[PDB]
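**Student:** build me a model from this:
(9 chains, ligands or ions: 2)
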Amino acid sequence: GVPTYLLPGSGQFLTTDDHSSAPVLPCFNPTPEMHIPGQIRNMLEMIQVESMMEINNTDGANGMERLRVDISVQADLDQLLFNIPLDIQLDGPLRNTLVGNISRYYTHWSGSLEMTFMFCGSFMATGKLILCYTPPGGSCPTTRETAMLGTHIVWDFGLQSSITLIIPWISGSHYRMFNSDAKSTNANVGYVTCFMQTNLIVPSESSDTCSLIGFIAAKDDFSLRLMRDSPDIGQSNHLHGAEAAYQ
Amino acid sequence: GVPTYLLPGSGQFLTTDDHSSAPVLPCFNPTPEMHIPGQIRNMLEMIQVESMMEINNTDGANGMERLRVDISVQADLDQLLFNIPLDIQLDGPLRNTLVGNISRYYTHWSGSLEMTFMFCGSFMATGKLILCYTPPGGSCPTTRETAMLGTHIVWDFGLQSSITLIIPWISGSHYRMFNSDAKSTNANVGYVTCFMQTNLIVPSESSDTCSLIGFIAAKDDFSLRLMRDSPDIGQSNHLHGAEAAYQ
Amino acid sequence: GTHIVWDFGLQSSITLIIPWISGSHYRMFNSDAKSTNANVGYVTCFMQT
Amino acid sequence: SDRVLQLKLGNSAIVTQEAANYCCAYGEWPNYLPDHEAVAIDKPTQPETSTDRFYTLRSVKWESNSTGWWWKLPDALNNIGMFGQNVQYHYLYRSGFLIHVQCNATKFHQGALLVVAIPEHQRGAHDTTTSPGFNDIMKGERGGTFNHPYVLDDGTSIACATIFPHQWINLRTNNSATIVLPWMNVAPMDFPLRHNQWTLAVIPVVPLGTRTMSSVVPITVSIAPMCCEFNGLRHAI
Amino acid sequence: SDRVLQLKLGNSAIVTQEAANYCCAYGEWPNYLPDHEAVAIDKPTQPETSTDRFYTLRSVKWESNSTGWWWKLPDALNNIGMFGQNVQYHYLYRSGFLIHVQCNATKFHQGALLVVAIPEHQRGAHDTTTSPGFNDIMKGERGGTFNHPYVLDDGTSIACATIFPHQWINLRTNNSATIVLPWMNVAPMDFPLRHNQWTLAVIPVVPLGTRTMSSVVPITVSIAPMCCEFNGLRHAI
Amino acid sequence: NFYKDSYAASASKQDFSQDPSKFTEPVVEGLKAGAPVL
Amino acid sequence: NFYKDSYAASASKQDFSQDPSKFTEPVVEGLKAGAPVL
Amino acid sequence: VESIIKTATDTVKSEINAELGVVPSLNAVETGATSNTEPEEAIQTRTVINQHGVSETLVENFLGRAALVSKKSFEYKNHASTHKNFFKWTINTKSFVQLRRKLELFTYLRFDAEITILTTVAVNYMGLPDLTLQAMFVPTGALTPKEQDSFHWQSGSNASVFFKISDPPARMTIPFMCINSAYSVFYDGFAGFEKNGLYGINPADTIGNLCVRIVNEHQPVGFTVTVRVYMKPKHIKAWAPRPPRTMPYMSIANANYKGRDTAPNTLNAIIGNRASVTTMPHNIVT
Amino acid sequence: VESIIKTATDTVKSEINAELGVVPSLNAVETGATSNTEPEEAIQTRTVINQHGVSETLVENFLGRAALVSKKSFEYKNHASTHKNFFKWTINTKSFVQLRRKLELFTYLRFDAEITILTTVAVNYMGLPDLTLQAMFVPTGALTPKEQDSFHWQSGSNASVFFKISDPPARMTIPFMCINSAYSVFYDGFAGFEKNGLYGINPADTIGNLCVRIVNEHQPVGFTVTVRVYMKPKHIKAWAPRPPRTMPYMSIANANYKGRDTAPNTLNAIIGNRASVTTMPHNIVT
Ligand SMILES: CC(=O)N[C@@H]1[C@@H](O)[C@H](O[C@@H]2O[C@H](CO[C@]3(C(=O)O)C[C@H](O)[C@@H](NC(C)=O)[C@H]([C@H](O)[C@H](O)CO)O3)[C@H](O)[C@H](O)[C@H]2O)[C@@H](CO)O[C@H]1O
Ligand SMILES: CC(=O)N[C@@H]1[C@@H](O)[C@H](O[C@@H]2O[C@H](CO[C@]3(C(=O)O)C[C@H](O)[C@@H](NC(C)=O)[C@H]([C@H](O)[C@H](O)CO)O3)[C@H](O)[C@H](O)[C@H]2O)[C@@H](CO)O[C@H]1O
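**Tutor:** Numbers count the residues shown, from 1 in each chain, chains lettered A, B, ... in the order given. Ligands and ions are numbered 1, 2, ... in the order given. Okay, here it is:
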């Protein structure tokens, strides 16, 4: 026979191993394949679709009210309207999104993100907003004069209803990672803030409080690494009916 | 199937074995390589850099005072200034050097060593010294007339501040080894002694006591064999914080 | 500002170049030392060591 | 240019002067079942114009506190016109769908409706371990309403529902949404009375609002089956 | 020939008539970040002359009982000139450094200074398990001093410190040391306010001594950033 | 794969084909860069 | 290596390239044998 | 539109833009298309040759992991006077939430399933017996054994695997066996021709029954035996991604939801609350 | 300058030298360069064809050894009334001094890590149980199990390895997983944007968490189980060698030092003392 010797690791069951194994049903002929719409081959395809950010995650905001940010006609100038924490790996407005959910099945990420906002006021309503992305380093800006110094887009409401703020990949390291410390130098992405560039202006018969819906998605320069179990689901007991599967 | 049989050694875990093993994270894409200054590929590259010998390893000499040898204007002739034990595998002036530290991770060695001394007196100070390497066999020479019979270099202080004494590889066997017996025929390298060739001479305003800094390094004809744990580090208890890694 | 660190030695002299740095092609005299078309700036000397 | 559109199928046609391009689910287009994917061997009937035409369902009223509406396919049309007759007389059916949702208002009105076509939208019941019943699912032409649109009545989320074929009707922008749906199933054909391939969901993410004269603002759904095929002829169920 | 040298960058220049050749750390030379190693995608700013020039720090006095001095980079320059401004306004920075240490005395003076550039010089604290604090590490332009130069304040040894890029200033031989440092890091760029790539250490291995007129003998450090690049523009921190 | 049934083989991690547009841009008329969408 | 990921392979003990001079002689101007260094 | 992607896309340097009629940052969410604004059009970019791989997110790898799908403990003893030295498990992938949520990120899935069976024992001390177990695959609603020693275990046609506790976990692959071209992860329909059937349960998607018994007759003392079954899908094809599950699961038979008592993941609020829309959580306080 | 070296350099015979202007034995340490004086220039040499190999000092071999990085003993029993049949270990290479000192001879290191897990047991006598253990890799600061039987062990995505005490030690390779091009053995910085962070600890250099549990339920008696983890780096690239550690280590979190009470390796004196600089230790007394 062939002389052999067993190596360390012999007999172990590694859940991520990759080997062939005995076919239970020999000569079984699987059902022929049929074309089906919507085939996905890489999860990166899924996170490139923009989904709604839960920006209004505040007490008093229930259900869908949390998915839209209301802006009103201001009495003062250069007003701060809202900000958005940026760690797609932590709980916040970005967590329950396509990019956020899938990214949380991983530990490392790299790539540009894109935030698109759709103005949902009436046609007669006008306005200009400024959306700013502030790379990490300091405290979140609270004035337009400060936020304006970062990456930004000035948005003019009009026929094209939506604006896109690109959050370019700006990092020292190739990848950023999750480690449960939001202030870590390898985790913090910076901030996104929104101020009135001019003001929301509407006539008497238009609602004077309008909503914006913010969406986010990854661009195709995105990459995810190091699979891990998602923190977004868990169980303490058997699900109802689980034990009945044994009866 | 294939007929086989297990050989002695089967199932063992040899810390120096060399085999492939199951990848924990399948399809993982490591961060791209980037050029980084100072890559080292063979430890022999490191021991070729000269480092400071602790020649003044005496009671009363503290910290950096141990890294320099002071010489003074002599009243007598042919004065012995200092000597240096040569086993780079035992505790002494050569142990805490680049060549000494790395060599002590091994058991066998072969090759020429080089000792370079830099005179650090004032510019107005002059002098001639003789550095001698005495191959093994007898007692360390205590007079210049005796040391002078071995390998040596007569050093004249001047613009070029440093002199090099080559300790050529002179051994009966291909390699020398450590076995904790400094007087073993396969370990003892011989001796290095330094005498005044003339004298240190300085004017009234120059310090009349000057320091030399001795360095040592291996040449590129060096070779190290038989890896072993270094005797230069050890622990009796858990390090502080080690157990906290489990909490 | 523009400078040169001078080390005393065999070559006994050092040269500090005061390059022509002006907004206008020429500077002029008009008896007002603080005029924008007259003031050249300053030269200072400190111990380096 | 991409704001005006005319859809014509059979003896029916629809135009909109305030569209937003239109969606082809997963970039596909309806087609008849090819021989290399067929299973049922009887010659199918392909009614064409009598079934592949627009069927307009009863409208619903968009109110300030509405939670949303849904219509399951083919259930919503299983009792309408010749499409309904073919469905009742045949054990098997297959088809795509051209969906057109309509809602106009005023330049002083605001509101945003998510119009999404969900494949296999298996509903969940709220706060109970008992699975939804037949009457909770099969609403027919009337359709149903969302109890908790925030989680799409299935424990997931409307926030990520954009992963499905969709459009929006944002009043200041457009007054209609159009989605073309190809046959979507793991089998080449199916029994129309017990399984719904798609669910059309219309949900007001941004509520209807205005300060001008208050008027009833309806939402209307018109659906045209496409490339209908039926097999397994027998009596009407 | 290898004893005289002139360094010129931007609007600054330095000459020495008593040099000892000069060191290029690991035989490398500074350079701008190539496209095939870049990570941050925004167009970087390359200030050139406004930042790539010599900055002279406050001098220190070499005394008979001195233990040594150190300056961390870029910390030491993070608040000096336009280099400091770019650092404060940008999240990311990258650069090499040209270091020139100066110390002259008399032909009757003796002393030897080890001038070494240590990559990632992570300091250790003495006789305690508590890690060094922010203020123990970030000294800025003033730099710090060694507590136990014998072990490089990190439990290792100055004896083997020659494994790092270095030169010596041996009073009877030369009056200056010059070391060129390339970008040294595991990432192409970094956040300048929380990480120091290099630490310049000047340690008197052989103490200052003489029997002539006693005078204050200073040690001066001049540092010129090289090939500076900054990314991630925002407000000043 | 030493087994006679192909379905017994090890994993197939070599399909790098992608078409995000079926999810990101399922619009009948392609949208040109820079040009107004509507 | 029978594993699909290259990082799972056995050790690579075949890189005999060296350049001691980056540590031993990092001087800008090369030093010639026998000639006075300064 | 389709193409081969092995690394994240590169970035091209871009210049200043001031062109009338060209507004790349403006989009129309109403069309249903995701914004196509490129980084190069939003800001001035540099050139970047991106070498980041995209293989760890391949569907085959994302779902290609052996996940726990069944865990059953029973008493191995003389049951003279409950699982009497054997049990029957109707296979399903809805009992353990980690695997379930991932599979439910898709509408349809086609894959072969590698099954691994791990067994552990504990005395109810004189040592642990190296028992032999038998795992028999019994098709949908098919005839299962009713006793540890019934004739049914003769397994004339059913596939059975006999393994020892001292051996590595047993393993075998069940082929993609659906009567359709793919399994329905979700099923908006009723499995029967009558109206009283179960909703959302397509029988075609139930791999089958797993009957496991200890072959050895009982010992003089009792033991607790636990059998864990793991499943790893391979040769995977997936269609129509879906919104991820947010509310805790309630049952293996449906998508019923209730939500946590308090955010996060409460029916009323999925994301945890912050003081206001201008309050920055984890703000850097330098 | 770069070249392929497979053996120590040969020696060439040399003659008498008496040349003006040529002084090979003189050097200038101030330049920072190491002496370039060759043996042939210092003395008269003979020709020697040196065949001594240099492969045992290759970095791959120098660091290529499985070294102990973790040792944990815990009680396996009914913990009704401490590591309750499982433990969690934040991976680090700073706890055992032999491996630590060697890794710290370098500034940066890039390598894949072969992990080997050895398990031993002792009764607190009726024999030793052949238990099954589970080692689950849980990423940085990620969610770890809190009970021997929590749902977290279902390991839907995390990699888990199940092994028996009777099997050879478990083994697997963790790839070079740093977010950077190499691990930072030393880090002169703070891991956070605020000023209160930990100094010298770059999170990017922490491979992760290792959660190990005994899968079997407790037995009627208690046992002491010890798990030892070994790590062997391979496919190694190293940069910027450093001064070796001399003072005993004090903590795994920093380079703090104190020194031995008396030489050798005391803060005041690394090398042991000799009577004087003219005293030859171990002098041959013939
Ligand atoms: C662990 C840590 O570093 N900090 C803790 C704070 O984060 C925590 O405050 C709460 O944190 C919550 C985090 O959100 C998730 C998460 O872990 O990412 C969201 C998950 O979807 C959710 N999973 C499930 C199945 O519901 C998960 C889970 O609820 C928790 O792990 C259970 O505790 O939470 C969230 O933002 C909360 O709104 C926030 O208050 C504080 C609480 O005292 O403790 C810190 O140690
Ligand atoms: C064992 C033998 O053959 N002779 C013993 C003498 O050597 C010993 O005298 C002392 O020897 C010491 C040796 O230096 C080291 C070494 O082992 O090489 C230097 C190491 O770096 C050090 N390691 C650590 C972690 O500190 C190591 C260690 O301290 C000792 O092994 C612990 O005892 O010592 C050194 O030269 C001393 O200065 C010298 O006095 C005598 C002492 O009675 O015993 C002999 O058996």
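**Student:** residue nearest the centroid of chain A?
**Tutor:** residue A:100 (3.5 Å; C-alpha atoms, centre = their mean).
**Student:** run through the helices of chain D in chain order.
**Tutor:** For chain D, helices defined by DSSP state H occupy the ranges D:81-89, D:134-137.
**Student:** what residues does chain D have near chain E?
**Tutor:** Within chain D, no position is near chain E by C-beta under 8 Å from any C-beta of the partner chain. C-beta: built from backbone N, CA, C; applies to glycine.
**Student:** identify the residues contacting the residue positioned nearest the centre of chain D.
**Tutor:** When chain D is reduced to its mean C-alpha position, the closest residue under C-alpha atoms, centre = their mean turns out to be residue D:200, at 3.7 Å. Applying C-beta atoms under 8 Å, 6 or more residues apart in numbering or on different chains to residue D:200 gives the contacts D:70-73, D:76, D:99, D:101, D:115-118, D:221, D:223.
**Student:** and residue A:20, how many neighbours?
**Tutor:** 18 (other C-beta atoms under 10 Å in any protein chain shown).
**Student:** if I look at it, how far off is residue H:236?
**Tutor:** Remark: distance between residue A:20 and residue H:236 (C-beta to C-beta, to the nearest Å) = 15 Å.
**Student:** equivalent analysis for residue H:79, please.
**Tutor:** Residue H:79 is 42 Å from residue H:236, by C-beta to C-beta.
**Student:** same question, residue D:164
**Tutor:** Separation of residue D:164 from residue H:236 (C-beta to C-beta) stands at 21 Å.
**Student:** who in chain A is up against chain G?
**Tutor:** Within chain A, the residues that sit near chain G (C-beta under 8 Å from any C-beta) are residue A:18.
**Student:** and the longest helix for chain A?
**Tutor:** Longest helix in chain A by number of residues (criterion: DSSP H): helix A:98-103.
**Student:** make sure residue A:153 is actually in contact with residue A:163.
**Tutor:** Yes: using C-beta atoms under 8 Å, residue A:153 is in contact with residue A:163, at 6.0 Å.
**Student:** of the two, which one has the most company?
**Tutor:** Neighbours per residue (other C-beta under 10 Å) separate residue A:153 from residue A:163, with residue A:163 holding more: 25 against 20.
**Student:** contacting residues around that one?
**Tutor:** A:116-117, A:129, A:131, A:153, A:155, H:25-27.
**Student:** what is the burial count for residue 190?
**Tutor:** Went with chain A since none was named. Neighbour tally, residue A:190, other C-beta under 10 Å: 25.
**Student:** that's the wrong chain, I wanted chain H
**Tutor:** 24.
**Student:** what residues does residue H:185 make contact with?
**Tutor:** Shown in contact with residue H:185 (C-beta under 8 Å, 6+ apart): D:120, H:103-104, H:106-109.
**Student:** show me the two of the residues you listed that sit farthest apart.
**Tutor:** Within those, two members stand farthest from each other by C-beta to C-beta: D:120 and H:103, at 13.2 Å.
**Student:** neighbour-wise, which of these two wins?
**Tutor:** When neighbours are counted by other C-beta under 10 Å, residue D:120 and residue H:103 differ, and residue D:120 comes out ahead with 24 against 21.
**Student:** ok, the residue lying closest to that one once chain neighbours are set aside to chain E distance?
**Tutor:** Leaving aside its chain neighbours, residue D:120 sits nearest to residue H:186 (4.2 Å; criterion: C-beta to C-beta, 6 or more residues apart in numbering or on different chains). Separation of residue H:186 from chain E (C-beta to the nearest C-beta, to the nearest Å): 39 Å.
**Student:** backbone phi and psi for residue H:186, please?
**Tutor:** Note on residue H:186: backbone dihedrals following degrees, to the nearest 10 are phi -130, psi 150.
**Student:** what's the answer for residue H:274, then?
**Tutor:** The phi/psi pair for residue H:274 (degrees, to the nearest 10) reads phi -120, psi 160.
**Student:** show me the contacts for the closest residue to it other than its chain neighbours.
**Tutor:** Leaving aside its chain neighbours, residue H:274 sits nearest to residue H:281 (5.2 Å; criterion: C-beta to C-beta, 6+ apart). By C-beta under 8 Å, 6+ apart, the contact set of residue H:281 is A:85, A:92, A:182, H:274.
**Student:** need the max-distance pair from these.
**Tutor:** With C-beta to C-beta as the measure, no two of these lie farther apart than A:182 and H:274, at 12.6 Å.
**Student:** common neighbours of those two, please.
**Tutor:** A:85, H:281.
**Student:** wait, residue D:67 touches residue D:151, no?
**Tutor:** No: counting by C-beta under 8 Å, residue D:67 does not reach residue D:151; the two are 11.7 Å apart.
**Student:** more crowded one of the two?
**Tutor:** Legend: neighbour count by other C-beta under 10 Å for residue D:67 and residue D:151, higher for residue D:151 (26 against 16).
**Student:** compute the distance between that one and residue D:71, please.
**Tutor:** The gap separating residue D:151 from residue D:71 is 19 Å, by C-beta to C-beta.
**Student:** with residue H:195 instead?
**Tutor:** Residue H:195 is 20 Å from residue D:71, where distance means C-beta to C-beta.
**Student:** now do the phi/psi pair for residue A:20.
**Tutor:** Main-chain torsions, residue A:20, degrees, to the nearest 10: phi -80, psi 160.
**Student:** likewise residue A:53?
**Tutor:** The phi/psi pair for residue A:53 (degrees, to the nearest 10) reads phi -90, psi 140.
**Student:** which parts of the stretch 101-250 of chain H are helices?
**Tutor:** Shown for the stretch 101-250 of chain H, no helices are assigned by DSSP state H, counting those that start in this stretch.
**Student:** show me what the residue lying closest to residue H:37 once chain neighbours are set aside is bridged to.
**Tutor:** Nearest residue to residue H:37 in three dimensions, chain neighbours excluded: residue A:164, at 4.1 Å (C-beta to C-beta, 6+ apart). Following DSSP bridges, residue A:164 is listed with bridge partners residue A:116.
**Student:** identify the residues contacting residue A:164.
**Tutor:** Counted by C-beta under 8 Å, 6+ apart, residue A:164 has contacts A:114-116, A:153, H:25-27, H:35, H:37, H:42.
**Student:** what about the residues you listed, which are in strands?
**Tutor:** Judged by DSSP state E, the subset of those located in strands is A:114-116, A:153, H:26-27.
**Student:** most neighbours, which of those residues?
**Tutor:** Neighbour count (other C-beta under 10 Å) singles out residue H:27 as the most crowded of the ones in strands among the contacts of residue A:164, with 28 neighbours.
**Student:** hey, what's that one bridged with?
**Tutor:** Residue H:27 has these beta-bridge partners by DSSP bridges: residue A:162.
**Student:** and it, how far from chain G?
**Tutor:** For residue H:27 relative to chain G (C-beta to the nearest C-beta), the value is 40 Å.
**Student:** with that, I have no additional questions.
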